[PDB]
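K.L.:
Generate a structure from the sequence data that follows.
(chains A, B, C and D)
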Amino acid sequence: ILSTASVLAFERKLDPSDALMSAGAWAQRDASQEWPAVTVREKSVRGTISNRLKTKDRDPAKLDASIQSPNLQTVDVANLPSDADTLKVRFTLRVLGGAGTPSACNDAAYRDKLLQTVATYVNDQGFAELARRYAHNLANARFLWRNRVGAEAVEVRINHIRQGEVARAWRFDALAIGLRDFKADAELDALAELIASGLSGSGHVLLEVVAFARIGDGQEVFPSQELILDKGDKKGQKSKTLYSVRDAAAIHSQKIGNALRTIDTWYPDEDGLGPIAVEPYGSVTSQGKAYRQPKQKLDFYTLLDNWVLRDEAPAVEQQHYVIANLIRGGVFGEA
Amino acid sequence: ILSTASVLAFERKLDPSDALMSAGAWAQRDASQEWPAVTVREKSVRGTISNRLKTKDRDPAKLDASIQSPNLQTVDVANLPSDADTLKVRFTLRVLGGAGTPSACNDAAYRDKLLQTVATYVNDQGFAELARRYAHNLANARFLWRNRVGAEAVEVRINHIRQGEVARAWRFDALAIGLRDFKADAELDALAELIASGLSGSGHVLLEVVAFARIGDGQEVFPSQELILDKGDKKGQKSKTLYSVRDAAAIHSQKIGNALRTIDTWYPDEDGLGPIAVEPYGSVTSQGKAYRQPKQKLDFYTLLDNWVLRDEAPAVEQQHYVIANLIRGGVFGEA
Amino acid sequence: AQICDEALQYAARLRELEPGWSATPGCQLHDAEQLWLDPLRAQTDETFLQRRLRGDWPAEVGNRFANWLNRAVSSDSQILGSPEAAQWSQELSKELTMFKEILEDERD
Amino acid sequence: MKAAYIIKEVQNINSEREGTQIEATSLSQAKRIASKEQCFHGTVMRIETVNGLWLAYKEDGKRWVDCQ
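P.N.:
Numbers count the residues shown, from 1 in each chain, chains lettered A, B, ... in the order given. Sharing the structure here:
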């Protein structure tokens, strides 16, 4: 009958690292190995009340009583130094391969059917579209999340690191490549073939991804945000805490992993909204919406359950989405 | 009539230690004594829901309501530093010997018969297959559990330690020695004769095992994972904690011991899966299957009661498995 | 109602029983409370914290107390999806308004 | 009357697995169901509610210790 397995757990392929951010001046980007890092420091803010009022606190006297007592915070802020106009975000990406084999699975027959399914996928078409889109998201600095939006010129340098050194170096213009269009290119095709040789299981791939961004002298960079324990008074409240590894600001690795997964152009809504990150029930949390709802038959779970159990292979875009979900990893399976 | 004993307890031979992990740069593995340890630190994640809904939560509005309020966690993470690409897992292994003598037994006559049976096995064929397979599990870095699966180059260094210093040192390439074949070598048989002398009781053996892994600059290493108290909220949840002895990540000793016991290729199902760990009702919990079911006559207990009580000696593969179980330890006997 | 009455009486005997709210300082006392230390910050400090309590009117403790009450409801999706969540939040807001307005007039 | 109970059979008194769920009339009925569904020898049963509150446990060879 071949029911689905109780547990399933796919390892995260495309492992990134915690993206360290240092700073320096442009036109000396080639000597950017001894650049000093962007340190997270603190400053205090004083805010007025600004949010909406729920029809009871709309009294004028109570409003002026609220604006007579402002809140005090101590936020973490991270800025470039005053004599540097380039942010250098450095992380390494490791492509593993063996995307079809799960780590944990109960049903042996489901394991064989799933391995056979992924084998027919990779035999009919290799990791060519998926690696092209992953190389695109490496090329345009989308992992620079909000450090990209005001940038004058973004340059991404990708080094394939062999035994102790670089074997093949790339260089890109991340503003020439749009954030919503997957075109074809000369260097991007070689990068997609390298990531294809990684994902297929035919070699060891370790890329070092370095991204420079002209932001300006002493502007604000945006490392990832830690949550606070909420233990103290509301004057030293410590409202915002920024991530840092060792006296150096950093983006979380799962944020880089979410940024590289924005390849899903094949969701049933309008494509003018751009590609989204590959997730089951493909949902952007910024826009609060869940494309590929289970009412439509285009989420990950019904597509996989039709492809594996009853052999209903979808179109090539939906199975591109499914293999991108298997590359993404996760815990799948019911109770 | 020689009924089996009510209590039986076999102490654990092959005592490993907790495997401390530290980090450094490759091509100076010979200076790897002052290498700084890998520190477990904390980071905070968000999550969109990615589990299989139970058809009642498949409303669109309920799904959007769930993805508007995401779960906030804190997780422990362990990473290499951003200037090092080698993970050094270091532990000592002590092999005791005296594999047949139980540490508790009511029946004296059963104890004499069991010691006679074990001495018969030792006289007919000493600990030569088992020490070969334990030397293979020490040779390939199988105790590097998930720090091995994406590694570029793994090198294992084993030192036999006499009165204050090394007496005979080995050096293996852990990726040439595969995880599934027990071939022969010129150094592996020397290590196998050393472990054979240890398990027989004719010598003292204390191996210091070091394993280096080429993972990458600042990737994610995987120390062993503790369990959680879970008395707090769901926002400061602390959903995953890692083991660390003294500001230094480490793997548990029994996980290293489970890796070293992975020698069993004699289970009656498919040997295309490779070796598993020697357990009674020989089971792998990642795959959730129980090889050596008691329906067939191939678990530990029926083999032991047929070999000891009514003198039905099984084949040499099954008694290899049974003596590997006695080296593993345990409490056996009914109530 | 009985919950907020016992909370108010607990505050009353804790604030008027001993000087233990003003016994030893530190870094963590959840000192945004200022309700369990009513005469503890005014009877000795007449200018330092007395203006910090009369002008602030420290009454934000009801929100943290409400968040303490929201653990008492079972966090189930079924009781969240039905109108029982709205009815429950309605009665908590009513009795929280009562707790707020009684906490408010502490300076007289 | 048809109350739901959780039956865990674990190694010592303080070890946690998942246990199967039954539905029984009384706790003395669940003590009788759980003693039938004991797979191994040296294990310790325990009876739970669905939220985690204890009802009773029983080591092997001894009788039912009853806390809540």
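
K.L.:
Tell me the secondary structure at residue 45.
P.N.:
Looking at chain A here, since you left the chain open. strand (DSSP: H, G, I helix; E, B strand; the rest coil).

K.L.:
my bad, chain D
P.N.:
Assigned with three-state DSSP, residue D:45 falls in the strand class.

K.L.:
Looks like it contacts residue D:58 (just checking).
P.N.:
Yes - with contact defined as CB atoms under 8 Å, residue D:45 counts as touching residue D:58 (4.9 Å). Where you see a C-beta, it was placed from the backbone N, CA and C, and this is true even at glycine.

K.L.:
list residues touching both of these two?
P.N.:
Common neighbours of residue D:45 and residue D:58 (criterion: CB atoms under 8 Å, 6 or more residues apart in numbering or on different chains): D:34-35.

K.L.:
Tell me which residue in chain D sits closest to chain A.
P.N.:
Closest approach between chain D and chain A, counting by CB to the nearest CB: residue D:18, at 9.9 Å.

K.L.:
residue furthest from the geometric center of chain C?
P.N.:
In chain C, counting by CA atoms, centre = their mean, residue C:78 sits farthest out from the average C-alpha position, at 30.0 Å.

K.L.:
in a helix, that's where residue A:94 is, yeah?
P.N.:
No - counting by three-state DSSP, one finds residue A:94 to be strand, located in no helix.

K.L.:
Tell me how many other residues surround it.
P.N.:
Neighbour count for residue A:94, taken as other CB atoms under 10 Å in any protein chain shown: 22.

K.L.:
pretty sure it is touching residue A:199, no?
P.N.:
No - Residue A:94 sits out of contact with residue A:199 when judged by CB under 8 Å, with a separation of 11.5 Å.

K.L.:
quick revisit: the residue of chain D closest to chain A and residue D:8 touch, don't they?
P.N.:
Yes - taking CB under 8 Å as the definition, residue D:18 is a contact partner of residue D:8 at 7.2 Å.

K.L.:
So for these two, which sits in the more crowded spot?
P.N.:
Comparing residue D:18 with residue D:8 by other CB under 10 Å, the one with more neighbours is residue D:8, at 18 against 8.

K.L.:
list the contacts for the more buried one?
P.N.:
If you count contacts by CB under 8 Å, 6+ apart, then residue D:8 has D:16-19, D:45-46, D:48 around it.

K.L.:
Out of these, the closest to residue B:238 would be?
P.N.:
residue D:16 (17.6 Å; CB to CB).

K.L.:
Next up, identify which helix or strand the residue of chain D closest to chain A is on.
P.N.:
Assigned by DSSP states H and E, residue D:18 belongs to neither a helix nor a strand.

K.L.:
quick one: contacts for it?
P.N.:
Shown in contact with residue D:18 (CB under 8 Å, 6+ apart): residue D:8.

K.L.:
re earlier: for the residue farthest from the centre of chain C, identify the helix or strand it belongs to.
P.N.:
Applying DSSP H and E, one finds residue C:78 within helix C:77-81.

K.L.:
Other residues contacting that helix?
P.N.:
With CB under 8 Å, 6+ apart as the test, helix C:77-81 has contacts from B:57, B:62, C:73, C:85.

K.L.:
which residues in chain D form helices?
P.N.:
D:27-36 (DSSP state H).

K.L.:
quick one, longest strand in it?
P.N.:
strand D:3-10 (DSSP state E).

K.L.:
and that one with helix D:27-36, angle?
P.N.:
For strand D:3-10 against helix D:27-36, the angle by axes from the mean of the first three to the mean of the last three CA atoms, to 10 degrees is 30 degrees.

K.L.:
Number of residues surrounding whichever residue of chain A sits closest to chain C?
P.N.:
Closest to chain C within chain A is residue A:233: 4.7 Å, counting by CB to the nearest CB. Residues lying near residue A:233 (other CB under 10 Å) number 15.

K.L.:
Likewise for residue A:289?
P.N.:
18.

K.L.:
That one and residue A:137, how far apart?
P.N.:
Computed as CB to CB, to the nearest Å, the residue A:289 to residue A:137 distance reads 21 Å.

K.L.:
cool, and residue C:40?
P.N.:
In terms of CB to CB, residue C:40 sits 59 Å off from residue A:137.

K.L.:
With residue A:292 instead?
P.N.:
In terms of CB to CB, residue A:292 sits 20 Å off from residue A:137.

K.L.:
which one of those two has more residues nearby?
P.N.:
Shown here are residue A:292 and residue A:137; by other CB under 10 Å, residue A:292 has more neighbours (26 against 21).

K.L.:
my guess is that one contacts residue A:282, does it?
P.N.:
Yes - Residue A:292 is within contact range of residue A:282, at 4.5 Å (criterion: CB under 8 Å).

K.L.:
any common contacting residues for those two?
P.N.:
Residues within reach of residue A:292 and of residue A:282 at once, by CB under 8 Å, 6+ apart, are A:267, A:299-300.

K.L.:
Make CSV out of the residues you listed and add neighbour count and distance to residue B:44.
P.N.:
Below are the shared contacts of residue A:292 and residue A:282 laid out as CSV (neighbours: other CB atoms under 10 Å in any protein chain shown; distance: CB to CB, whole Å):
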residue, neighbour count, distance to residue B:44
A:267, 21, 28
A:299, 25, 27
A:300, 24, 26
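
K.L.:
Tell me how many other residues crowd residue A:202.
P.N.:
11.

K.L.:
And for residue A:42?
P.N.:
With other CB under 10 Å as criterion, residue A:42 counts 13.

K.L.:
can you list the residues of chain C near chain B?
P.N.:
C:77, C:81 (CB under 8 Å from any CB of the partner chain).

K.L.:
hey, where'd the strands end up in chain C?
P.N.:
Counting by DSSP E, chain C has no strands at all.

K.L.:
State which helix of it is the longest.
P.N.:
Ranked by number of residues, the top helix in chain C under DSSP H is helix C:84-104.

K.L.:
contacts for that helix?
P.N.:
Under the criterion CB under 8 Å, 6+ apart, residues C:1, C:3-4, C:7-8, C:35, C:57, C:59, C:61-62, C:65-66, C:69-70, C:73, C:79 lie in contact with helix C:84-104.

K.L.:
In helices, which of these appear?
P.N.:
C:3-4, C:7-8, C:61-62, C:65-66, C:69, C:79.

K.L.:
my guess is residue D:54 meets residue D:67, correct?
P.N.:
Yes - counting by CB under 8 Å, residue D:54 does reach residue D:67; the two are 5.9 Å apart.

K.L.:
neighbour count winner among these two?
P.N.:
residue D:54 (12 against 7).

K.L.:
can you pull the contacts of the more buried one?
P.N.:
D:46-48, D:67-68.
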